[PDB]
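**Student:** For reference, this is final_36.pdb, and it has PDB, C-alpha atoms (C1' of nucleotides).
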MODEL        1
ATOM      1  CA  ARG B   1       0.000   0.000   0.000  1.00  0.00           C
ATOM      2  CA  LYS B   2       1.347   3.473  -0.962  1.00  0.00           C
ATOM      3  CA  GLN B   3      -0.261   6.835   0.073  1.00  0.00           C
ATOM      4  CA  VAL B   4       1.147  10.446   0.009  1.00  0.00           C
ATOM      5  CA  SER B   5      -0.825  11.727   3.137  1.00  0.00           C
ATOM      6  CA  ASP B   6       0.183  15.367   2.232  1.00  0.00           C
ATOM      7  CA  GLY B   7      -1.015  17.451  -0.776  1.00  0.00           C
ATOM      8  CA  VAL B   8      -1.210  20.943  -2.347  1.00  0.00           C
ATOM      9  CA  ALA B   9      -4.267  22.360  -4.214  1.00  0.00           C
ATOM     10  CA  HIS B  10      -4.227  25.419  -6.542  1.00  0.00           C
ATOM     11  CA  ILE B  11      -7.295  27.325  -7.875  1.00  0.00           C
ATOM     12  CA  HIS B  12      -6.876  29.907 -10.702  1.00  0.00           C
ATOM     13  CA  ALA B  13     -10.135  31.832 -11.333  1.00  0.00           C
ATOM     14  CA  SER B  14     -10.550  34.400 -14.177  1.00  0.00           C
ATOM     15  CA  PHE B  15     -13.576  35.971 -15.893  1.00  0.00           C
ATOM     16  CA  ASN B  16     -12.780  33.730 -18.949  1.00  0.00           C
ATOM     17  CA  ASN B  17     -12.452  30.348 -17.067  1.00  0.00           C
ATOM     18  CA  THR B  18     -11.715  28.679 -13.643  1.00  0.00           C
ATOM     19  CA  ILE B  19      -8.908  26.054 -13.414  1.00  0.00           C
ATOM     20  CA  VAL B  20      -8.390  23.581 -10.501  1.00  0.00           C
ATOM     21  CA  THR B  21      -5.233  21.473  -9.916  1.00  0.00           C
ATOM     22  CA  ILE B  22      -4.120  18.962  -7.225  1.00  0.00           C
ATOM     23  CA  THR B  23      -0.303  18.538  -7.124  1.00  0.00           C
ATOM     24  CA  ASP B  24       2.705  17.505  -4.975  1.00  0.00           C
ATOM     25  CA  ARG B  25       5.259  19.966  -3.423  1.00  0.00           C
ATOM     26  CA  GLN B  26       8.113  17.750  -4.870  1.00  0.00           C
ATOM     27  CA  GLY B  27       6.179  16.317  -7.925  1.00  0.00           C
ATOM     28  CA  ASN B  28       3.687  17.012 -10.766  1.00  0.00           C
ATOM     29  CA  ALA B  29      -0.143  17.381 -10.994  1.00  0.00           C
ATOM     30  CA  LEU B  30      -2.114  14.212 -10.120  1.00  0.00           C
ATOM     31  CA  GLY B  31      -5.544  15.846 -10.799  1.00  0.00           C
ATOM     32  CA  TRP B  32      -6.504  18.686 -13.233  1.00  0.00           C
ATOM     33  CA  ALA B  33      -9.962  20.084 -14.249  1.00  0.00           C
ATOM     34  CA  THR B  34     -11.663  23.288 -15.565  1.00  0.00           C
ATOM     35  CA  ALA B  35     -15.077  24.940 -15.155  1.00  0.00           C
ATOM     36  CA  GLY B  36     -15.384  25.154 -18.999  1.00  0.00           C
ATOM     37  CA  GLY B  37     -14.587  21.382 -19.004  1.00  0.00           C
ATOM     38  CA  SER B  38     -17.781  20.921 -16.830  1.00  0.00           C
ATOM     39  CA  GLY B  39     -19.947  21.614 -19.966  1.00  0.00           C
ATOM     40  CA  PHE B  40     -20.483  25.411 -19.593  1.00  0.00           C
ATOM     41  CA  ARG B  41     -19.538  27.901 -22.408  1.00  0.00           C
ATOM     42  CA  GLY B  42     -19.480  31.648 -23.194  1.00  0.00           C
ATOM     43  CA  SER B  43     -20.963  33.634 -20.254  1.00  0.00           C
ATOM     44  CA  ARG B  44     -21.114  30.402 -18.101  1.00  0.00           C
ATOM     45  CA  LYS B  45     -17.383  29.167 -18.335  1.00  0.00           C
ATOM     46  CA  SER B  46     -16.366  30.567 -14.881  1.00  0.00           C
ATOM     47  CA  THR B  47     -19.662  30.441 -12.872  1.00  0.00           C
ATOM     48  CA  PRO B  48     -19.840  29.121  -9.241  1.00  0.00           C
ATOM     49  CA  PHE B  49     -21.637  25.812 -10.144  1.00  0.00           C
ATOM     50  CA  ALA B  50     -19.437  25.117 -13.236  1.00  0.00           C
ATOM     51  CA  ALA B  51     -16.393  25.331 -10.894  1.00  0.00           C
ATOM     52  CA  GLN B  52     -18.190  23.474  -7.982  1.00  0.00           C
ATOM     53  CA  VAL B  53     -18.499  20.344 -10.208  1.00  0.00           C
ATOM     54  CA  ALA B  54     -14.937  20.822 -11.642  1.00  0.00           C
ATOM     55  CA  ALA B  55     -13.352  20.650  -8.143  1.00  0.00           C
ATOM     56  CA  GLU B  56     -15.602  17.649  -7.280  1.00  0.00           C
ATOM     57  CA  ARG B  57     -14.643  15.858 -10.564  1.00  0.00           C
ATOM     58  CA  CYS B  58     -10.919  16.538  -9.881  1.00  0.00           C
TER
ATOM     59  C1'   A O   1      46.180 102.188 -27.683  1.00  0.00           C
ATOM     60  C1'   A O   2      47.059 100.370 -22.548  1.00  0.00           C
ATOM     61  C1'   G O   3      44.214  98.904 -18.037  1.00  0.00           C
ATOM     62  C1'   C O   4      39.893  96.671 -14.823  1.00  0.00           C
ATOM     63  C1'   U O   5      37.171  92.336 -12.874  1.00  0.00           C
ATOM     64  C1'   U O   6      32.050  92.796 -12.521  1.00  0.00           C
ATOM     65  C1'   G O   7      29.867  89.171 -18.712  1.00  0.00           C
ATOM     66  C1'   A O   8      32.967  84.787 -21.029  1.00  0.00           C
ATOM     67  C1'   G O   9      36.608  80.992 -19.835  1.00  0.00           C
ATOM     68  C1'   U O  10      40.389  77.576 -16.272  1.00  0.00           C
ATOM     69  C1'   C O  11      42.720  74.096 -11.835  1.00  0.00           C
ATOM     70  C1'   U O  12      42.583  71.127  -6.861  1.00  0.00           C
ATOM     71  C1'   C O  13      39.417  67.780  -3.478  1.00  0.00           C
ATOM     72  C1'   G O  14      34.273  66.531  -4.128  1.00  0.00           C
ATOM     73  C1'   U O  15      28.357  65.650  -6.109  1.00  0.00           C
ATOM     74  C1'   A O  16      23.106  63.810  -8.205  1.00  0.00           C
ATOM     75  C1'   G O  17      21.320  61.080 -12.770  1.00  0.00           C
ATOM     76  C1'   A O  18      16.034  56.950 -17.449  1.00  0.00           C
ATOM     77  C1'   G O  19      22.213  61.627 -21.153  1.00  0.00           C
ATOM     78  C1'   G O  20      25.206  58.301 -25.818  1.00  0.00           C
ATOM     79  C1'   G O  21      27.678  53.518 -27.213  1.00  0.00           C
ATOM     80  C1'   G O  22      29.877  48.585 -26.596  1.00  0.00           C
ATOM     81  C1'   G O  23      30.847  44.260 -23.703  1.00  0.00           C
ATOM     82  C1'   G O  24      29.152  41.407 -19.667  1.00  0.00           C
ATOM     83  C1'   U O  25      24.734  39.156 -16.465  1.00  0.00           C
ATOM     84  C1'   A O  26      19.506  36.785 -15.861  1.00  0.00           C
ATOM     85  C1'   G O  27      14.218  34.806 -16.092  1.00  0.00           C
ATOM     86  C1'   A O  28       9.085  34.204 -17.744  1.00  0.00           C
ATOM     87  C1'   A O  29       5.439  32.108 -21.016  1.00  0.00           C
ATOM     88  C1'   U O  30       3.039  31.787 -26.102  1.00  0.00           C
ATOM     89  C1'   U O  31       6.754  29.197 -29.506  1.00  0.00           C
ATOM     90  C1'   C O  32      10.334  25.318 -31.272  1.00  0.00           C
ATOM     91  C1'   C O  33      13.083  20.066 -30.166  1.00  0.00           C
ATOM     92  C1'   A O  34      13.029  15.103 -27.634  1.00  0.00           C
ATOM     93  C1'   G O  35      11.114  11.646 -23.998  1.00  0.00           C
ATOM     94  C1'   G O  36       7.531  11.308 -20.242  1.00  0.00           C
ATOM     95  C1'   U O  37       2.431  12.802 -17.527  1.00  0.00           C
ATOM     96  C1'   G O  38      -2.280  12.644 -19.997  1.00  0.00           C
ATOM     97  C1'   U O  39      -7.526  13.936 -22.638  1.00  0.00           C
ATOM     98  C1'   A O  40     -13.038  15.176 -25.156  1.00  0.00           C
ATOM     99  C1'   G O  41     -13.640  18.827 -26.707  1.00  0.00           C
ATOM    100  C1'   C O  42     -10.389  23.553 -27.629  1.00  0.00           C
ATOM    101  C1'   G O  43     -11.155  29.099 -29.208  1.00  0.00           C
ATOM    102  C1'   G O  44     -14.517  33.084 -29.303  1.00  0.00           C
ATOM    103  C1'   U O  45     -19.600  35.774 -28.770  1.00  0.00           C
ATOM    104  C1'   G O  46     -25.063  39.156 -27.357  1.00  0.00           C
ATOM    105  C1'   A O  47     -25.310  34.264 -29.800  1.00  0.00           C
ATOM    106  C1'   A O  48     -21.690  31.599 -33.199  1.00  0.00           C
ATOM    107  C1'   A O  49     -18.748  29.794 -37.069  1.00  0.00           C
ATOM    108  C1'   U O  50     -14.588  29.613 -40.130  1.00  0.00           C
ATOM    109  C1'   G O  51     -10.556  26.971 -37.735  1.00  0.00           C
ATOM    110  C1'   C O  52      -8.158  22.975 -34.596  1.00  0.00           C
ATOM    111  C1'   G O  53      -9.593  17.593 -32.466  1.00  0.00           C
ATOM    112  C1'   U O  54      -9.250  10.857 -30.013  1.00  0.00           C
ATOM    113  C1'   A O  55      -4.209   9.967 -35.612  1.00  0.00           C
ATOM    114  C1'   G O  56      -4.522  13.401 -28.642  1.00  0.00           C
ATOM    115  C1'   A O  57      -6.597  19.151 -30.693  1.00  0.00           C
ATOM    116  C1'   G O  58      -6.590  20.857 -25.303  1.00  0.00           C
ATOM    117  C1'   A O  59      -3.413  20.794 -20.807  1.00  0.00           C
ATOM    118  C1'   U O  60       1.402  19.894 -18.679  1.00  0.00           C
ATOM    119  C1'   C O  61       6.654  17.909 -16.720  1.00  0.00           C
ATOM    120  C1'   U O  62      12.075  17.585 -17.718  1.00  0.00           C
ATOM    121  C1'   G O  63      16.541  19.223 -20.171  1.00  0.00           C
ATOM    122  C1'   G O  64      17.915  21.994 -24.671  1.00  0.00           C
ATOM    123  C1'   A O  65      16.735  26.094 -28.971  1.00  0.00           C
ATOM    124  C1'   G O  66      14.652  31.220 -30.258  1.00  0.00           C
ATOM    125  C1'   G O  67      12.038  36.521 -30.886  1.00  0.00           C
ATOM    126  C1'   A O  68       9.806  40.812 -29.279  1.00  0.00           C
ATOM    127  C1'   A O  69       9.937  42.897 -24.171  1.00  0.00           C
ATOM    128  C1'   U O  70      12.094  44.500 -19.049  1.00  0.00           C
ATOM    129  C1'   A O  71       7.085  44.414 -13.856  1.00  0.00           C
ATOM    130  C1'   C O  72       9.317  45.875  -8.879  1.00  0.00           C
ATOM    131  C1'   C O  73      12.023  50.477  -7.151  1.00  0.00           C
ATOM    132  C1'   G O  74       9.992  55.209  -9.664  1.00  0.00           C
ATOM    133  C1'   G O  75       8.347  59.931  -6.353  1.00  0.00           C
ATOM    134  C1'   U O  76       3.268  66.345  -9.509  1.00  0.00           C
ATOM    135  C1'   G O  77      11.501  62.855  -9.221  1.00  0.00           C
ATOM    136  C1'   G O  78      15.932  63.514 -13.052  1.00  0.00           C
ATOM    137  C1'   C O  79      19.267  64.439 -18.375  1.00  0.00           C
ATOM    138  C1'   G O  80      19.093  67.862 -22.607  1.00  0.00           C
ATOM    139  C1'   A O  81      18.847  72.188 -28.234  1.00  0.00           C
TER
ENDMDL
END
Would it be possible to restate this file's structure as structure tokens?

**Tutor:**
Amino acid sequence: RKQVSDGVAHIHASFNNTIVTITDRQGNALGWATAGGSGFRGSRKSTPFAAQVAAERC
RNA sequence: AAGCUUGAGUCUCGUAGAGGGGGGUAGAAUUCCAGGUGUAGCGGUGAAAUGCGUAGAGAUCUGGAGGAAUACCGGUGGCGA
């Protein structure tokens, strides 16, 4: 069995899109998602629910 | 035609500063190169499409390549016709 027990999360929110990453302080991203990638476009790309399901999916 | 030090000009030890060149010193990501991580949409708009996509477009790591450009400090602060 192999677990990390420690992590780092980074949220980058703009008026174009919201990006969510889960990564390691000595490694690379092990989860990545976007609010546009939740199935919301144009005026909806960066909305609270579009990002709420992106963080959940990640 | 001789003076004067009062305009003009000169020397010591010192002074601020984006003035003009050349050589040094560095990074960022869009890009480009290779091998990995790894995916269903990506981009844009009031709303879309041309375009680009599972043959991995989109996103990203690691060591290399390249072109424009120099945040901070910097102040109703300086240099000069």

**Student:** Give me the residues within 8 Å of stretch 2-7 of chain B as a list in words, counting all atoms listed in the file and dropping any in the same chain fewer than 6 places off.

**Tutor:** residues 22, 23, 24 and 25 of chain B

**Student:** May I have the residues from that selection written out with C-alpha atoms, as a CSV table (one decimal), keeping the file's coordinate frame?

**Tutor:**
chain,number,residue,atom,x,y,z
B,22,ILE,CA,-4.1,19.0,-7.2
B,23,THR,CA,-0.3,18.5,-7.1
B,24,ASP,CA,2.7,17.5,-5.0
B,25,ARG,CA,5.3,20.0,-3.4

**Student:** Taking only residues of chain B that have an atom at most 9 Å from an atom of chain O, what is each one's shortest atom pair and its distance in Å to one decimal, using only C-alpha atoms (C1' of nucleotides), in chain and number order, as a tab-separated table?

**Tutor:**
residue	atom	partner	partner_atom	distance
B:27	CA	O:61	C1'	9.0
B:28	CA	O:61	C1'	6.7
B:29	CA	O:60	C1'	8.2
B:30	CA	O:37	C1'	8.8
B:32	CA	O:59	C1'	8.4
B:37	CA	O:41	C1'	8.2
B:42	CA	O:45	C1'	6.9
B:43	CA	O:45	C1'	8.9

**Student:** What is the atom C1' of residue O:77 to atom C1' of residue O:19 distance in Å?

**Tutor:**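 Separation of atom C1' of residue O:77 and atom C1' of residue O:19: 16.1 Å.
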
**Student:** To verify the selection step, state as a PyMOL selection string which residues the PyMOL selection byres ((chain O and resi 67) around 12) yields on this input.

**Tutor:** chain O and resi 30-32+65-66+68-69

**Student:** Using atom CA of residue B:21 and atom CA of residue B:58 as the two end points, give the distance in Å to one decimal.

**Tutor:**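 Spanning atom CA of residue B:21 to atom CA of residue B:58 is a straight-line distance of 7.5 Å.
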
**Student:** I'd like the residues picked by the PyMOL selection byres ((chain O and resi 54) around 10) written out as a PyMOL selection string, using the chain letters and numbers from the file.

**Tutor:** chain O and resi 39-41+53+55-57

**Student:** Evaluate the PyMOL selection byres ((chain O and resi 20) around 12) and record the selected residues as a PyMOL selection string, following the chain and residue labels used in the document.

**Tutor:** chain O and resi 19+21-22+79-80

**Student:** Could you state the separation of atom CA of residue B:26 and atom CA of residue B:8 in Å, given to one decimal place?

**Tutor:**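 Atom CA of residue B:26 sits 10.2 Å away from atom CA of residue B:8.
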